Amino acid sequence: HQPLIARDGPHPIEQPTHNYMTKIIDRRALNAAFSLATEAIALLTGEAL
Amino acid sequence: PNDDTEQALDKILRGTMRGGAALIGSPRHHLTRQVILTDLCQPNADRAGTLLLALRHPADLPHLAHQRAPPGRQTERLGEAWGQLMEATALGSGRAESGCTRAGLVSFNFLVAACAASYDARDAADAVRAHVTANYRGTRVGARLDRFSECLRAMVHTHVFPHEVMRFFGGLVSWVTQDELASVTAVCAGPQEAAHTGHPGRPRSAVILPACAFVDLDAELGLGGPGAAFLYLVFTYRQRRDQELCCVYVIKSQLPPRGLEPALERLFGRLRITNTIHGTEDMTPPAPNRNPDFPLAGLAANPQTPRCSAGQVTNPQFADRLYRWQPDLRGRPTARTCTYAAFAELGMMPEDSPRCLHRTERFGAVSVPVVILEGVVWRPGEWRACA
Amino acid sequence: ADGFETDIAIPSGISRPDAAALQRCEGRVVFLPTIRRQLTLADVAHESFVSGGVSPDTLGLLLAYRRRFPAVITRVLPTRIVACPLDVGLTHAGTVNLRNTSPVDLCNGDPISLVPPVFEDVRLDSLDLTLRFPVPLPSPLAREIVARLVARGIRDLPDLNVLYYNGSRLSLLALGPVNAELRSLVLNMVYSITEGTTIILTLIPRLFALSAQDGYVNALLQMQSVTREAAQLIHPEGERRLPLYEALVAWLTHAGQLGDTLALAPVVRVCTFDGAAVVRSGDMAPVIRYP
Amino acid sequence: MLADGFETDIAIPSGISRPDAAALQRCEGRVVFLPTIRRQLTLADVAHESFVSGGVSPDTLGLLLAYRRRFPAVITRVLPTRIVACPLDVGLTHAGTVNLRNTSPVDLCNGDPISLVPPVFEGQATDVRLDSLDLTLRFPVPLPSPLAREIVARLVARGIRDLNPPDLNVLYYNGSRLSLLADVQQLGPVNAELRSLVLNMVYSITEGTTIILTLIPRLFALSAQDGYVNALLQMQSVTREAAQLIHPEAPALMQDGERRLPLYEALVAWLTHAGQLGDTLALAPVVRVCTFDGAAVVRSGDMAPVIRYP
């Protein structure tokens, strides 16, 4: 809401301006890596138990 | 002792159910299909597990010889030879069918009997030519042999080389039959042994090759020992105004594709010398004793020799002041006419000791010396000229 | 699963005509800097290939495609562009559809290399970038079609336009800016070959001066032979010296530079299965890489 | 390539001094020349003692031909009993990726093909010794592919000086100044290199080449106008001083010139012999680099992801 003043001059303000602002947000995406070794797979699975 | 029985029982039951993707893609495998006339291929005769070779859809041929031939040779010798071959088909001689029925493939056993007169074991080679004439479904088959071998003689003379036109296509696994045309199923990439035959009575097949073209460089090089081997497709060329030669070989060797060239030189170097001497007729010499040597080593020493700057050259005021040198080259036997045997990457055998057999089969009732290979994994490659 | 898929994010602000062209470009070859999961579209565009200052020419696009990594676009979501790289992602899946931008038809069992669009265009208005897609034409034609366009440029300082493959005509001429776009490739040909054909002619001072067709073969065969007689068949042995041995090395590197450029290796082979063997223009072709 | 790949096993002899066991664990990623693709071999087969020729110790320039006769393979993991390696000409792994540690002075960039060079450079000559087994291990240096074509060109041009009773030692790359260690070269393998040159040198000369030689006055006029043409000659080429003296001109008219294209035939024969020759002297660039978490520079002394190059 644009705030207004009634100015002392009788000259016309001609229009007030009241509008809506729309903004597109943005997007980013994060990253990580977890890597496991060869023999660690079979030990969690049970192939080497 | 119970835990050892449990550990054995657990490992087998876990070993079956935990198998990833339900054993669908445990062999990596690929398949091809193509619908082609039975003109130069007889998959009814040539059974599952033989080589196939694709063509270049021969409308390109008769003017590529007009473009790429050495000067002095004939241009229309290729086109007149090919037109007689399509006459010998007696089925597609009318040319009216376009886009389909290419007769694009050539079976390997047909190509052996075309170049059969150039081999060594003539008794083995004539046995190959027998069931080509006998076991094929067609009349006057030996007429097709005489045209197509003359076509291959016309390939090398008109200098459009067959290895630029021939290309590897996968090995036979199954075929669906009709008159004059067969749906051909083949395996382009991967192991040959993984390909499902379709007959439940007889599972997986292998590679079948005639013993005329199969060459092992483990013998003549004397190199024993185990190891993997690289299968190859090797042609032979003999360029002369005479009727020319052709052969096809399948060579089993431990050598890389980067190092095959001194080995093929040791076999076919006798043919290599001939196409350097001959194969230049009729290519006219220049006038004798015309050519001077290079004064470039000589004129660079004296500063008093006249030079040119970048603003001088392309003006005739200084074109006469400089040295004039006119080379001629019309008598040069250069390497494209020094061509001979050419090869390509075909496939490898991952066995520790490669397995080869030498059996005779029918092909009723022609008994043919046949080399049977086992466990062939296909990797096609580019062609390569040894010139 | 275990199939690898690069995800290219489109920046928002697409107008309805701009997404329709990107909807249409389904099977095409697209390069990228490094194999990675998520990636912007700014590294895809033709603007990302520049060195200045200068939009890159045909010579630089051949040099870039060695360092860039080829990928074929899969289905195109409105969110992201999912594409799989050829060299790592295809070794598990095995089959990828691919649409020709080439006017030359494809037979079964052919090896296909990639050529920059020199034979002869998509630009986006709202996103302020251009797209250039290379041409997937067969590799035996690839050594030919490049060498035909080089042969035209030497004539700038019979018909070269005739190329008949599998029963079809081709017109290389079809004009203006194609010639000047290719000018840098022409100069590195002539500078390589003439520097080749002076050093060999300086080390052998009488190649041309030797007698025709019979002594030259005898000079060829002894040089062609394998035997130990090698060096005495070659070499000719204040004042300035011709720097020949340094000019050897600078020419070998320049010749060694162009070996990687003009190989045009068979990245892609097409195996037609359950369909016609001939694959024509604007048709999706299945792709199987080397195992 | 198989579905699992193919992994050779190099067995270790039982007599091991414990410091030599830790020396093998530093060889985590190196390049190993196998003579065959046999599944089981020994360390004596890998090492420099079997890698010699009959009675004669090979030099640096003669060691290149010994490479292309054999099979380069990369060690994956060092086990206490054996060493597991994967060949390169065979399809390399199940996954398509190998780690390679840089025993190289020069960092690596993405996408560049790797050829490999003997230990040549000064200072960094490092050969692992297995003194319990009395073995010596000379491991090759992985390098980018235009660099390897320089080093072969520097060595081969050095041997041609030895047949003629200055200077050529210094290279440059990324601004680094580096020379190379070499004392003598055997006269045997130089002739094998030189005969491989001049046969491929001659086979580029065809009838269209003399037509191309008429454009030598055009380039020396064109280098006046554009600096891009000045980037050719470099003042060390023959053709700058060759254009200053010789004014050649074309032969006319060619036999059967209507049917044929002489300029086209000269180029295709040139592309198959002279442009091929970067492959003919050294071995092929089988391997390029594709980092996955994108590292534009692979530093000297670090591993790198590895993918075959056609």
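Refer to the structure above for everything that follows.
Residues numbered from 1 in each chain as written, not as in the entry; some residues may be left out. Chains lettered and ligands numbered in written order. Part of a larger assembly, values for the part shown. Heavy atoms only, no water.

Regarding the overall build of chain A
Definition in use: In this text, helices come from DSSP runs of H or I with a minimum length of four residues, and strands from runs of E with a minimum of two, each type numbered from the N-terminal end. To measure how exposed things are, a 1.4 Å probe is used in the Shrake-Rupley method; for residues, cover is taken only from the protein chains shown. The charged-residue count follows a simple rule in which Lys and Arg add positive charge and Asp and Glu add negative charge, with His and chain termini not counted at all. For this purpose, a charge sits on NZ of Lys, CZ of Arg, CG of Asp or CD of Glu.
Helix and strand counts for chain A stand at one helix and zero strands. Projected onto the principal axes, the alpha-carbon positions of chain A cover approximately 95 × 15 × 10 Å. Approximately 5600 Å² of chain A is accessible, and the part contributed by carbon and sulfur atoms is 58%. Mean positive and mean negative side-chain charge positions of chain A (4 and 5 charges, respectively) differ by 12 Å.

Looking at the overall build of chain C
To be explicit about the condition: The quantity called the radius of gyration is restricted to C-alpha atoms. Its globule counterpart is 2.2 Å times the number of residues to the power 0.38. Working definition: with a 1.4 Å probe on protein chains only, accessible area under 20% of the residue-type maximum means buried, over 50% means exposed, and in between means partly exposed.
In terms of regular secondary structure, chain C is built from eight helices and 12 strands. Taking 2.2 N^0.38 as the reference for a compact globule, 291 residues should give roughly 19 Å; the C-alpha atoms of chain C span a radius of gyration of 24 Å, well beyond that estimate. Residue burial in chain C is summarised as follows: out of 291 residues, 57% are buried. Approximately 13400 Å² of chain C is accessible, and the part contributed by carbon and sulfur atoms is 52%. Between the mean site of the 26 positive side-chain charges and the mean site of the 28 negative ones, chain C shows a separation of 1 Å.

Comments concerning the interface of chain D and chain C
How large an interface is tends to be reported as the accessible area lost when its parts come together. What counts is decided by this rule: Whether two residues touch is decided by their heavy atoms; if any such pair falls within 4.5 Å, the residues are in contact. Accessible area that two parts lose when put together, evaluated with a 1.4 Å probe and summed over both, is termed the buried area. Any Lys or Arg side-chain nitrogen located within 4 Å of an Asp or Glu carboxyl oxygen qualifies as a salt bridge. Counted as a polar contact is a pair of N or O atoms within 3.5 Å, where, for protein atoms, one must be capable of donating a hydrogen and the other of accepting one, and residues adjacent in sequence contribute only when both atoms are in side chains. Polarity classes work like this: nonpolar for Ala, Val, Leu, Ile, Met, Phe, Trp, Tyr, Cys and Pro, charged for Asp, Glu, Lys and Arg, and polar for all others, with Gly in that last group.
If you look at the interface, chain D gives 67 residues, while chain C gives 71 residues. In total, about 6600 Å² of surface goes out of reach between chain D and chain C, with carbon and sulfur atoms giving 70% of it. Ranking the residues of chain D by area buried against chain C places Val238(D), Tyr264(D) and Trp270(D) at the top, with a combined share of 9%. At the junction of chain D with chain C, the criterion picks out four salt bridges. Of the charged contacts, one joins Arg183(C) and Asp226(D) as a salt bridge, the two residues approaching to 3.7 Å between their closest N and O atoms. The tally of links from chain D across to chain C stands at eight residue pairs in polar contact. Looking at the side of chain D that touches chain C element by element, the count peaks at eight residues for helix α4 (residues 145-161) of chain D. Each residue belonging to the side of chain D that touches chain C can be placed in one class, and the counts come to 41 nonpolar, 13 polar and 13 charged.

Description of the sheet that holds strand β4 (residues 167-169) of chain B
Residue and element names in this part refer to chain B. For clarity, the threshold we go by: We call two strands paired when DSSP finds no fewer than two bridges between them. Note on definitions: angles span 0 to 180 degrees between N-to-C directions of axes, and those axes are lines fitted to C-alpha atoms, for helices only across the stretch in contact.
With respect to topology, three strands assemble into an open sheet ordered β3-β2-β4, the strand pairing being antiparallel. Only two strands of the sheet have a single neighbouring strand rather than two, namely β3 (105-107) and β4. Adjacent strand axes in the sheet meet at a mean angle of 40°, parallel and antiparallel pairs treated alike. Pairing analysis gives three bridges linking strand β2 (residues 52-54) to β4, with the strands arranged antiparallel. Along β4, the bridge assignment pairs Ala 54 with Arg 167.

A few points about helix α6 (residues 183-203) of chain C
Note the cut-off: Here the expected span of a helix is defined as 1.5 Å times the quantity of residues minus one.
For α6(C), with 21 residues, the first-to-last C-alpha span of 31 Å sits near the 30 Å given by 1.5 Å per residue. By the criterion of burial, α6(C) is predominantly enclosed, with 20 of the 21 residues buried.

Topic: helix α10 (residues 262-273) of chain D
Residues and elements named next belong to chain D. Spanning 12 residues, α10 covers 17 Å between terminal C-alpha atoms, matching the ideal 16 Å at 1.5 Å per step. Among the 12 residues that make up α10, 10 are buried, leaving the element largely enclosed by the rest of the structure. Within α10, burial applies to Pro 262, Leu 263, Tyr 264, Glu 265, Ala 266, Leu 267, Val 268, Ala 269, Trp 270 and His 273.

Brief notes about the sheet that holds strand β8 (residues 207-210) of chain B
All names here are of chain B. On the basis of which strands lie adjacent, the open sheet formed by three strands has the order β8-β15-β14 and antiparallel pairing. The strands lining the two open edges of the sheet, one partner per strand, are β8 and β14 (356-361). Taken pair by pair, the neighbouring strands of this sheet meet at an average axis angle of 35°, ignoring direction. Of the pairings in the sheet, the one linking β8 to strand β15 (residues 368-373) comprises four bridges and is antiparallel in character. The residue of β15 that forms the bridge with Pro 210 is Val 370. Against the sheet, helix α5 (residues 122-134) contacts β8 and β15, and its axis sits at roughly 95° relative to β15.

Quick notes on the interface of chain D and chain B
Taken together, the 50 residues of chain D in the interface contact 52 residues of chain B. In this structure, the connection of chain D to chain B is made through two salt bridges. In this structure, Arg39(D) and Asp352(B) form a salt bridge, with 3.5 Å as the shortest nitrogen-oxygen distance. The tally of links between chain D and chain B comes to 11 residue pairs in polar contact. Looking at the side of chain D that touches chain B, the elements with two or more residues in it are α6 (207-212), α7 (216-222), α9 (238-243), β14 (246-248) and α10 of chain D.

Some thoughts on unusual backbone geometry
A negative phi holds for most residues other than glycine; trans holds for most peptide bonds. Cis rather than trans, the peptide bond between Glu281(B) and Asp282(B) has omega equal to 0°. Looking along the chain, the bond that leaves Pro166(D) and enters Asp167(D) is cis, with omega of 0°. Mapped onto the fold, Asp167(D) is located in the loop between α4 and β12 (171-173). Not every positive phi belongs to a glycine, and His57(B) is a case in point at roughly 55°. Of note in the backbone geometry, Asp134(D) takes a positive phi value of approximately 60° without being a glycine. Within the secondary structure, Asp134(D) is located in the loop between β9 (128-130) and β10 (135-137).

Structural notes on the pattern of salt bridges
Within the structure shown, the criterion is met by 24 salt bridges over all chains. Of the charged contacts, one joins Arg258(B) and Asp89(D) as a salt bridge, the two residues approaching to 2.7 Å between their closest N and O atoms. Of the two residues, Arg258(B) sits in the loop between β11 (245-253) and α9 (261-277) while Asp89(D) sits in the loop between β5 (82-87) and β6 (98-99), which places them in two different chains. Under the relative-accessibility criterion, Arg258(B) is labelled buried at 18%.

Brief notes about the packing of aromatic side chains
Basically, it comes down to this: Side-chain rings of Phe, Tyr and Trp (the six-membered ring for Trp) are treated as a pair once their centres are within 6.5 Å; stacked means planes under 30 degrees apart, edge-to-face means over 60, and tilted covers the remaining angles. Only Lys NZ and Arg CZ are tested; either one counts as a charge over a ring when it is within 6 Å of the ring centre and within 35 degrees of the ring normal.
Considering all chains together, one arrives at 16 aromatic pairs over all chains under this definition. The interplanar angle of 20° and the centroid separation of 4.0 Å between the aromatic rings of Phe33(D) and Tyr67(D) together place this pair among those described as stacked. Of this pair, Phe33(D) sits in strand β2 (residues 31-34) while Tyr67(D) sits in helix α3 (residues 63-68), placing them 34 residues apart in sequence. For the pair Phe33(D) and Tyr67(D), a shared accessibility class is recorded, and that class is buried. Three or more aromatic residues joined by ring pairs make a cluster, and in this case those are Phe110(B), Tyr136(B) and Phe148(B). Stacked on the ring of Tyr264(D), the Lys or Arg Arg148(C) has its end atom at 4.4 Å from the ring centre.

What about the side chain of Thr75(B)?
Its location among the elements puts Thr75(B) in the loop between α2 (61-68) and α3 (77-89). The class of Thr75(B) is buried, set by a relative accessible area of 17%. Other than its neighbours up to four places away in sequence, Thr75(B) contacts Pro62(B), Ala65(B), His66(B), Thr158(B) and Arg259(D).

Quick look at the environment of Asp127(D)
Residue and element names in this part refer to chain D. Considering the arrangement of structural elements, one finds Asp 127 in the loop between β8 (113-117) and β9. With a relative accessible area of 34%, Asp 127 lands in the partly exposed category. Separated by 82 residues in sequence, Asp 127 and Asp 45 place their C-alpha atoms 16 Å apart. Once residues lying within four places of it in the same chain are set aside, the contact partners of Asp 127 are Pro 119, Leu 137, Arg 138 and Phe 139.

Quick notes on the environment of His235(C)
As for its position among the elements, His235(C) is in the loop between α7 (215-224) and α8 (244-261). For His235(C), a relative accessible area of 11% translates into the label buried. Linking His235(C) and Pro205(C), residues 30 residues apart in sequence, is a C-alpha distance of 8.9 Å. When neighbours within four sequence positions are excluded, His235(C) is seen to be in contact with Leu203(C), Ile160(D), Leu163(D), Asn164(D) and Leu194(D).

Re the pairing of strand β1 (residues 8-11) of chain D
All names here are of chain D. Two elements, β1 and β5, share four bridges in a ladder whose sense is antiparallel. Looking at the pairing, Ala 11 lines up with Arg 82 of β5. Where β1 meets strand β3 (residues 40-42), three bridges bridge the pair, whose relative direction is parallel. Bridging from a neighbouring strand, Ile 10 pairs with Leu 41 of β3.

Some words on the state of the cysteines
Note the following rule: Here, two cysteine sulfur atoms that lie within 2.5 Å of each other are counted as a disulfide.
Applying the stated criterion across every chain yields a total of one disulfide over all chains. At a sulfur-sulfur separation of 2.0 Å, the disulfide partner of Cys115(B) is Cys246(B). Residues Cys115(B) and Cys246(B) are joined through a disulfide that is left-handed, its torsion about the S-S bond being -115°. Placement of the pair is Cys115(B) in the loop between α4 (108-114) and α5 and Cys246(B) in strand β11, with a sequence separation of 131 residues. Take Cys246(B): its relative accessible area is 12%, and that puts it in the buried class. Here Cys188(B) is not cross-linked by a disulfide; its sulfur's nearest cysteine counterpart is in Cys271(C), at 3.6 Å. Of all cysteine sulfurs, the one in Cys115(B) lies closest to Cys247(B), which takes part in no disulfide; the gap is 6.4 Å. The class of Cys247(B) is buried, set by a relative accessible area of 4%.

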